[PDB]
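Take a look at the structure set out below.
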Amino acid sequence: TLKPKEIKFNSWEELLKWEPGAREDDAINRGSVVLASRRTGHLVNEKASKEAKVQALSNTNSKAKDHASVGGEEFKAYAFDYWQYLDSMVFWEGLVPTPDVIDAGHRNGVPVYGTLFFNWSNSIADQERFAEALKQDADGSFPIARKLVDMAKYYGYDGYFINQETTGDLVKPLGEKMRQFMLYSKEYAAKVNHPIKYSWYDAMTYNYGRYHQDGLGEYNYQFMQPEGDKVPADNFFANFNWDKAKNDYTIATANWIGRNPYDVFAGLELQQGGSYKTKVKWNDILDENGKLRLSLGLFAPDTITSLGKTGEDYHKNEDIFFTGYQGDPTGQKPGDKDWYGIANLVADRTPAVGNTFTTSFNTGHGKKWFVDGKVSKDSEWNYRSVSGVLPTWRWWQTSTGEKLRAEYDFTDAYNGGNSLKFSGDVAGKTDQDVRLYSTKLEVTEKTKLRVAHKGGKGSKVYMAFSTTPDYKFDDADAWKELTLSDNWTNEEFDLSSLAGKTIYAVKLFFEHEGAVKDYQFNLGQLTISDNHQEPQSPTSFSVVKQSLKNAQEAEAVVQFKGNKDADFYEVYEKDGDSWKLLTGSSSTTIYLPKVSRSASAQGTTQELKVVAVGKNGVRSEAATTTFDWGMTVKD
Ligand SMILES: CC1=N[C@@H]2[C@@H](O)[C@H](O)[C@@H](CO)O[C@@H]2S1
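Numbering (the authors' numbering), first residue to last: 173 to 807.
Here it is as structure tokens:
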């Protein structure tokens, strides 16, 4: 079997037999992107909190039988890109997050956790499954804790959410061991140089089995109680039926035991509630100033995919959820809505830090895959391992008059599946901007800007940078006019005049001198970097496995050696006279679900190539290999 699959264990004995590398799809299942650092920028919303956090508990993956752990040949996906508002992403469906989610989260500076789920049950079988997890060696260590930590290290993820819903007589006396399991895990993770965090559901009490407090209280505080420095649960997920009094209690309890109240995440039941249609007791969790007094736990926000029919609808619905109905993260909840956008209440963060930042707005899925503005893969995909860094703000706009509509464009892109489009009927002379990214990028004599764009007929368009933390765009050396045309162009600008300064934000600015019917401008790629070099080509590239369906269709797995300058890799086949992209991945082992030849294909072999796409946005020279069909298409 070539297709990589989610990792699932039928028993604790099976987990105890786990060893690094002992599964045929391990090379693909490992995360490949190290967890990025993030900056917390200046607040842009007067009601936002830098203390309040958001944890998402999401069913991230297809449920289709025989779906791949890396994605698939379908556009519709939980192509999450609102990482800027998340503390963490919980992979709800299983113990071991898939590489497509680990990679996307890590590139965006967000930790990803597996889920250790004990069934809502009092069956002896379930009670025993729970007790069995807490088996100890003579020295008091927990062998299952070691395997959890070992897996987190090997596959490259950040810890676990524990949902302990099993109850009954055998469960009740096990609070102490469960607490010690979590503390021991920390000791062991430190020992193996791979720290992990635990998030803990408000379910199993210390002494009385399952009982939801809807908060932190007298029956569950032990799970958050510190051992000086160390803690058992890092994060606590409060059950959904909180209120003012329960929240007051939670805060009192956290403070008393010496924990930050914001480590308590007040649950929102978004599955039964319908995503942003969920009734929340906002008045019970907002203080006198309209600011959050606890964190927010998002239960099943993946539900939002049910609210639209298309993949384009997925992102628009996420906008309502994360930004708010008012459509601008600097604005307040409309008077005729109940839902607060996350951005209304929670400060954004940004992984766009250092001397290099690049993006082509790759959301990890598309209808097609574009290569320098030309269709290369002419069909749908989701491979979230390649997910990039989308705008911090969606959409922070100011205008002298009317505002252009900003949206993702899955019909035309520069690299990957979509660009950003800014469009509308312009009624008359107007100046306006769109503030896109919060950043902290150090400029040197070697720093350049590369910007790929298209359209803008009837306007002047500029990109401008703020060199202050409070996002003022008053620096004359930080404005660049774009040279517009009807086709994709990629322009480089010298940023050396800004050497020694720091860029804190990026915006577009539009001038229209009069009316323009169906104005459109696309932004396709943005790079700020002191590196203009092609990354080195991959080496030692080969087909390591294959399975022909027929003479025209095969699965394959390819492997190669990369380098530190590569952000991710693209694999292509030569289809007649044309190279066509198959897939992309952050990994150096890559599954090809369909290598294909037409009816007119000549010979018994077919060329494949792999290209490194740099952290600086530049492609390497290709490495090539030959796929051997062993037969002609007419044989
Ligand atoms: C964390 C949580 N664990 C439980 C889930 O397994 C259920 O599906 C959900 C039903 O609303 O309730 C709590 S939320």
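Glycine is no exception: its CB is placed at the ideal position from the N, C-alpha and C atoms.
Next item on the list: Let me know the beta strand (DSSP E) ranges lying completely inside the stretch 319 to 381, each 3 residues or longer, listed in chain order.
Entry: 331 to 338 and 369 to 373
Margin query: Spatial neighbours of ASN554 within its chain, please: C-beta separation below 7 Å, excluding the five flanking residues on both sides.
Written below: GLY243, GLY244, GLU246, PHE247, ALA249, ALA251, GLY536 and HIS537
Checklist line | N- and C-terminal bounds of the alpha helix (DSSP H) containing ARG577 | finding: No alpha helix (DSSP H) holds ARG577; the beta strand (DSSP E) holding it covers 577 to 581.
Checklist line | Exposed unless 16 or more other CB atoms sit within 10 angstroms - verdict on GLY775 | finding: exposed
Item checked: Any non-hydrogen atom of ligand 1 closer than 7 Å to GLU441 Cβ -> yes
Next item on the list: Could you say which of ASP198, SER295, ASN534 and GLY387 lies nearest to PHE409 if we only look at CA atoms?
Entry: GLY387
Next item on the list: Could you pull the start and end residues of the beta strand (DSSP E) that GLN724 belongs to?
Entry: Careful: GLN724 lies outside any beta strand (DSSP E) and carries neither H nor E.
Next item on the list: Tell me where the alpha helix (DSSP H) around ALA515 begins and ends.
Entry: 514 to 517
Item checked: Same chain, Cβ closer than 8 Å to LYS505, five either side skipped, listed in chain order -> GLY496, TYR497, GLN498, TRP511, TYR512, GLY513 and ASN516
Note to self: Below 7 Å, is the gap between the Cβ of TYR373 and the nearest heavy atom of ligand 1?
What the structure shows: yes
Notebook entry, point to check: Going by the C-beta, is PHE247 closer than 7 Å to any heavy atom of ligand 1?
Noted result: no
Notebook entry, point to check: Quick one: Cα of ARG210 to Cα of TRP565, how far?
Noted result: 16 Å
Check: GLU552 to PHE645, Cα distance in whole Å?
Finding: 39 Å
Note to self: Let's see if you can read the secondary structure: which residues bound the beta strand (DSSP E) around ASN694?
What the structure shows: 688 to 701
Check: Contact between the stretch 747 to 763 and the stretch 670 to 683: three or more CB pairs below 8 Å?
Finding: no
Next item on the list: Starting from the C-beta of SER770, find all residues in its chain whose C-beta is less than 8 Å away, skip the five residues before and the five after it, and write them out in chain order.
Entry: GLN724, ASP747, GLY748 and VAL805
Next item on the list: Flag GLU265 as yes when its Cβ comes closer than 7 Å to any non-hydrogen atom of ligand 1, and as no otherwise.
Entry: no
Checklist line | Sequence ranges, beta strand (DSSP E) only - wholly within the stretch 536 to 575, length at least 3 | finding: 541 to 543, 546 to 549 and 568 to 571
Next item on the list: Kindly list the residues whose CB is nearer than 8 Å to the CB of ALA324, restricted to its own chain and excluding five residues on each side of it in sequence; keep chain order.
Entry: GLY286, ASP330, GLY331, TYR332, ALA361, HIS366 and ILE368
Item checked: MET803, buried or exposed, once every other Cβ within 10 Å from all chains shown has been counted against 16 -> exposed
Note to self: Tell me the DSSP secondary structure of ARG210 in three-state form.
What the structure shows: coil
Item checked: Spatially closest choice to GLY600 from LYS235, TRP454 and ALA687, by CA coordinates -> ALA687
Note to self: According to DSSP, is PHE314 part of a helix, a strand, or is it coil?
What the structure shows: coil
Check: Under three-state DSSP, which class holds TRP264?
Finding: coil
Check: If we ignore side chains and look at the alpha-carbon of each, how far apart do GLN444 and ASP485 end up?
Finding: 20 Å
Checklist line | Same chain only: Cβ atoms within 7 Å of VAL206, ignoring 5 sequence neighbours per side | finding: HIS278
Check: Given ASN291, which residues of its chain have a CB within under 7 Å of its CB, disregarding the five upstream and five downstream residues?
Finding: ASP298, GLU337 and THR338
Margin query: Among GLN604, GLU300 and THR616, whose alpha-carbon lies nearest the alpha-carbon of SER631?
Written below: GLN604
Notebook entry, point to check: Mapping DSSP to helix, strand and coil, what is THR619?
Noted result: coil
Next item on the list: Could you check what DSSP says for residue 829 in three-state terms: helix, strand or coil?
Entry: Nothing about residue 829 can be reported from this structure: the residues present for the chain run from 173 to 807 only.
Next item on the list: Look up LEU479 in the DSSP assignment and say whether it is helix, strand or coil.
Entry: helix
Check: Just the Cα atoms here: how many angstroms apart are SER293 and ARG382?
Finding: 9 Å
Note to self: Pairs of beta-carbons, one from the stretch 298 to 316 and one from the stretch 342 to 355, closer than 8 Å: are there three or more?
What the structure shows: yes
Check: Is the CB-CB distance between residue 154 and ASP544 below 8 Å?
Finding: Since the displayed the chain opens at 173 and closes at 807, residue 154 lies outside it and no answer follows.
Next item on the list: Pick helix, strand or coil for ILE200, following the three-state DSSP scheme.
Entry: helix
Item checked: Cβ-Cβ separation, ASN788 to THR699 (assumed contact under 8 Å), whole Å -> 6 Å
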